[PDB]
């Protein structure tokens, strides 16, 4: 049967609402009046009324902002009923895809990560790993594409930058010499995860590194 292509609608649209999505029609409307209705999640089942249809014109409308991270896709069915009460079409499946906006900051899997490193560790030695996730669309956008950086180190001794981080993997490695358990046994790093390949929304967490013998 001839049907409508999937409709795309972005999340977080600003008003006014409602907004038109598509106008549908039954050509049985040349035989008399036809009334249009829609069913399905987002229509007549929870969340009810997010989408509505104009009963005489066939204009399908969205009534409020969408959220791809709550519902990314809707399946509705349109119905066409004669003024005399009989269904004049088999219901038509209508697909609505919510497209992404960058509206979730990355979030570290926990607030504090801990690690240890031996004081004689060669420069280049992997120490620990920090990890963040991003609830945005990683298939179609860079809105969930996380880069990792170090914002600070405490103490800043013997050097300000004892460590470096892999911007893609969140692996923290020793980058210089002079670790000394008997002097500075613990380093606290503030680390950042930022989406859009480092350029977007961001969050921070802490990496606490113990220097061992």
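Residue numbers count along the first chain shown, from 1.
Averaged over Cα atoms, the B-factor as recorded in the entry is higher for 133-141 than for the other of 106-114 and 133-141. As listed in the deposited structure, the average C-alpha B-factor of 27-35 and of 60-68 is greater for 27-35. Sort the modelled residues of the chain by CA B factor and residue 54 lands in the highest third. Sort the chain's modelled residues by C-alpha temperature factor and residue 206 lands in the lowest third, per the entry. Among all modelled residues in this chain, the alpha-carbon of residue 86 has a temperature factor (C-alpha) in the highest third. Per the PDB record, residue ranking by Cα B-factor puts residue 21 in the highest third of the chain. Residue 125: CA B factor in the lowest third of modelled residues in this chain (values from the PDB entry).
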